[PDB]
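Student: Can you read through this structure? Questions will come right after.
Protein chains in written order, with our numbering: chain E, 454 to 585; chain G, 2 to 419; chain V, 12 to 44; chain H, 491 to 541; chain A, 698 to 748.
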């Protein structure tokens, strides 16, 4: 909305002195925001070795990727078009290089999790095939 | 890593330093200019102001003393009146009283100005601004600034220096990472953003200020290098930086009319006071390998330190309170874990290294004194009978400390690199 | 409904059109995962 | 939908400039925005029943 | 600090606003007095009540 010369408009801007209203929402629950009895007596099958690696690398939490300032973004139209915010934006995001490196090395050695009933890929790669 | 952070460093940055800007919005022209072919007084004047604007618009700089910087518009001294004198004058003038819509103060109008803070002097663009004479009560002509045309707003950068400066450095470097340390940026007016310094793609914390001259105050402080890819262009970084920047939506307006409506929401001033701010809420709160695991378990992270003040909600709203006590611009608050937990975690990291969780060949001789090494399903080859080779594999699979100095067991050393 | 009158009131809640816009719609929340 | 309100649109660039606009085969002869806004809000009778 | 010291800050705005702070709370030993008070708002008690 753009301001509109009227008898009405000064009433319109106490409508926006209702920015003191953005206080409850833009805060989120930011307050909220490996297998030790293994191993002994095998030791140790390649499978349970991987399981422990999964346990030690266990996902503690997902990356929200929801900005807590969404609440405050659209209020001022003069601000938006002034600083060149207009139309749609496509932001492609991917994990930090440290974890790419980390996860890539893991997937490379011991393949992906499958959870299907089938006959296994025994000779698909040029060098090696892991199978459990 | 504890229950609370230490506040190790505090710094404050203001876009125009000592200079602030008062802002007046009206329906019609209230002023006169040197040499104008026509009193523009009381006329409707639409203008570009971030966007096509039907409103008339007045700007006036000031310092906390109340005096105003020597201001040139083009090559002409605008002859700016002291702030309180104009305010008295603008609200005493017959016409001006009835179509002044709103008034607020801002730390950044949306332009990098030619401002020398040393000599308290400001030069303005001949084309965007104009000398504005509001003159007459019984008398007293005051000079201020009318905004002619501001088609595009721009950003102003702030260099706060070394991103890691302020933190008391411990020799285990990981204790400088999140969540052990965190750089907080806040305007102390209800807007607040935590940053993981390690993920600032720069050696320096650089802040980008963006502003507006809209109907109310709106300023945003950004850190465009935060979570930016190495190969991301500057413009693109600034654009996307809004997601993790600090947006001062707070209306820094000063009051102008009781009516019926102002009173009614002063009837409902209290309703906005029923915050629940601290009911908000929190949500409150014998191999070497397994030896370490149990050690990880006994000091297991029970809870993360939120670092969102439950009193954030109440910080803005009162402009007279904020500027009275000197709350203005953006503040960079660097926090680090309590000394007690640093000792604890540092001592642990020193003996048994960091958690790694990636597949590589192990660091066996990187430190001067010792290297701890634990593996899982490790592969060790070589010209050795497969029985013995199989045993060596299990040795590293179970964890082992490899000494490089004859003083074995002396963990008091630094054990640095090389 | 389709609009029929500005008055003072229609404008005031167009003053508060934005307030209903401060949804928190994707900070809503999930409780994700 | 069936709307009882009168309705006006005007194209613009951030510059303030206006694209050459033809309505059918006729040059609409569009005024710059800043001029119009000034003009539309200056007519007092019409102004206060702009929704 | 060995003592609980409270810092009272006020205003004469359009409504009542007083804040009680404890500037030594979570303050680094080497943090200046002004900075302690400055940052103390996060962990202060802000009487936003209009009265």
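We put the beta carbon where it would ideally sit given N, CA and C, even for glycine.
Given residue 173 of chain G, which residues of its chain have a CB within under 8 Å of its CB, disregarding the five upstream and five downstream residues?
Tutor: Within the same chain, residue 173 of chain G has close Cβ partners 346, 347, 350, 351.
Student: Assuming contact is defined by CB atoms lying nearer than 8 Å, are residue 144 of chain G and residue 82 of chain G in contact in what I supplied?
Tutor: Closer than 8 Å, so yes.
Student: So residue 456 of chain E and residue 216 of chain G are in contact, right, with Cβ under 8 Å, and what is the actual spacing, rounded?
Tutor: Confirmed, about 6 Å.
Student: Would you say residue 459 of chain E lies against chain H (beta-carbon separation less than 8 Å)?
Tutor: Closer than 8 Å to some Cβ of chain H, the Cβ of residue 459 of chain E qualifies, so yes.
Student: Could you confirm whether any beta carbon from chain E is found closer than 8 Å to the beta carbon of residue 178 of chain G?
Tutor: With 8 Å as the cut-off, residue 178 of chain G does not count as an interface residue toward chain E.
Student: So is residue 499 of chain H in contact with chain E if we call contact Cβ pairs under 8 Å?
Tutor: No, residue 499 of chain H does not count as interfacial toward chain E.
Student: Quick one, which of G/227, G/323, G/344, G/249 has its alpha-carbon nearest residue 714 of chain A's?
Tutor: Minimum Cα distance to residue 714 of chain A is reached at G/323.
Student: What number of angstroms, rounded off, separates the C-alpha of residue 494 of chain E from the C-alpha of residue 511 of chain E?
Tutor: Rounded to the nearest angstrom, the two C-alpha atoms are 24 Å apart.
Student: Could you tell me which residues DSSP pairs with residue 182 of chain G in its beta bridges?
Tutor: In the DSSP output, where bridge partners are listed per residue, residue 182 of chain G has G/337.
Student: Just how far apart, CA to CA, sit residue 243 of chain G and residue 529 of chain E?
Tutor: Taking the straight line from one Cα to the other gives about 14 Å.
Student: Hey, residue 201 of chain G and residue 222 of chain G: beta-carbon distance below 8 Å or not?
Tutor: No, Cβ-Cβ distance for residue 201 of chain G and residue 222 of chain G is not below 8 Å.
Student: Take residue 541 of chain E as the anchor and find which of G/241, G/140, G/383, G/291 has the nearest alpha-carbon.
Tutor: Among G/241, G/140, G/383, G/291, the Cα nearest to that of residue 541 of chain E is on G/241.
Student: Against residue 585 of chain E, what residues of chain V qualify as contacts under a CB-to-CB distance less than 7 Å, listed in chain order?
Tutor: Those do not exist, as residue 585 of chain E stays about 27 Å from chain V at its closest Cβ, beyond 7 Å.
Student: Evaluate residue 312 of chain G with the Cβ neighbour count: other Cβ atoms within 10 Å of its Cβ, from every protein chain shown; 16 or more gives buried, anything less gives exposed.
Tutor: So residue 312 of chain G ends up on the buried side.
Student: Could you have a look at residue 33 of chain G and say whether DSSP puts it in helix, strand or coil?
Tutor: Strand.
Student: Reducing DSSP to helix, strand and coil, say where residue 523 of chain E ends up.
Tutor: Helix.
Student: Are the C-beta of residue 475 of chain E and some C-beta of chain V separated by less than 8 Å?
Tutor: Yes, because at least one Cβ of chain V sits closer than 8 Å to the Cβ of residue 475 of chain E.
Student: If the cut is a Cβ gap below 7 Å, which residues of chain E does residue 361 of chain G touch?
Tutor: What residue 361 of chain G touches in chain E: 558.
Student: Within a Cβ cutoff of 8 Å, which residues of the same chain sit near residue 495 of chain H, ignoring the five residues on either side of it in sequence?
Tutor: The answer, listed in chain order, is 541.
Student: Counting only beta-carbon atoms, is residue 13 of chain V nearer than 8 Å to chain H?
Tutor: Yes, residue 13 of chain V lies at the interface with chain H (some Cβ there is under 8 Å from its Cβ).
Student: Find the residues of chain V that neighbour residue 519 of chain E, judging by a C-beta separation of less than 7 Å, and give them in chain order.
Tutor: Per Cβ cutoff of 7 Å: 37, 38.
Student: So which residues of chain E does residue 104 of chain G contact, with C-beta pairs closer than 8 Å?
Tutor: Within 8 Å Cβ-Cβ: nothing; residue 104 of chain G doesn't reach chain E, min ~11 Å.
Student: Please list the segments of the beta strand (DSSP E) lying wholly inside the region 100-166 of chain G, counting only runs of 3 or more residues, in order along the chain.
Tutor: Those beta strand (DSSP E) runs which fall completely within the region 100-166 of chain G and span 3+ residues are 101-107, 115-117, 122-125, 130-136, 142-148, 156-163.
Student: In angstroms with no decimal places, state the Cα-to-Cα distance between residue 17 of chain G and residue 136 of chain G.
Tutor: Cα-Cα distance, rounded: 28 Å.
Student: Let me see if you follow: with CB-CB separation under 8 Å, is residue 513 of chain H close to chain E or not?
Tutor: No, residue 513 of chain H does not count as interfacial toward chain E.
Student: Given a cut-off of 8 Å on the beta-carbon distance, is the pair residue 141 of chain G and residue 90 of chain G in contact?
Tutor: A contact, by the Cβ cut-off of 8 Å.
Student: Using 8 Å as the limit for Cβ to Cβ distance, is residue 527 of chain E near chain V?
Tutor: Output row for residue 527 of chain E: interface = yes.
Student: Restricting to Cα atoms, I'd like to know which of G/333, G/159, G/119, G/67 is closest to residue 192 of chain G.
Tutor: Nearest option by C-alpha distance: G/333.
Student: Looking at the C-beta of residue 358 of chain G, does it have a partner C-beta in chain E at a distance below 8 Å?
Tutor: By this cut-off, residue 358 of chain G is an interface position.
Student: Have a look at residue 259 of chain G and residue 726 of chain A and give me their C-alpha separation to the nearest angstrom.
Tutor: Taking the straight line from one Cα to the other gives about 48 Å.
Student: Could you say which of E/482, E/546, E/575 lies nearest to residue 279 of chain G if we only look at CA atoms?
Tutor: Ranking E/482, E/546, E/575 by Cα distance to residue 279 of chain G puts E/482 first.
Student: Please return the same chain residues whose Cβ sits closer than 7 Å to the Cβ of residue 542 of chain H, not counting the five positions on each side in sequence.
Tutor: Outside the shown range of chain H, which is 491 to 541, sits residue 542 of chain H, and nothing can be said about it.
Student: Select from G/286, G/130, G/289 the residue whose C-alpha is nearest the C-alpha of residue 32 of chain G.
Tutor: Among G/286, G/130, G/289, the Cα nearest to that of residue 32 of chain G belongs to G/130.
Student: Mind listing, in chain order, the continuous alpha helix (DSSP H) runs of no fewer than 4 residues lying wholly within the region 456-533 of chain E?
Tutor: With a minimum length of 4 residues, the continuous alpha helix (DSSP H) runs that stay inside the region 456-533 of chain E are 462-465, 499-509, 523-526.
Student: According to DSSP, is residue 94 of chain G part of a helix, a strand, or is it coil?
Tutor: Coil at residue 94 of chain G, not helix or strand.
Student: Quick one: is residue 212 of chain G buried, meaning 16 or more other Cβ sit within 10 Å of its Cβ, or exposed?
Tutor: Buried, because 16 or more other Cβ atoms sit within 10 Å of the Cβ of residue 212 of chain G.
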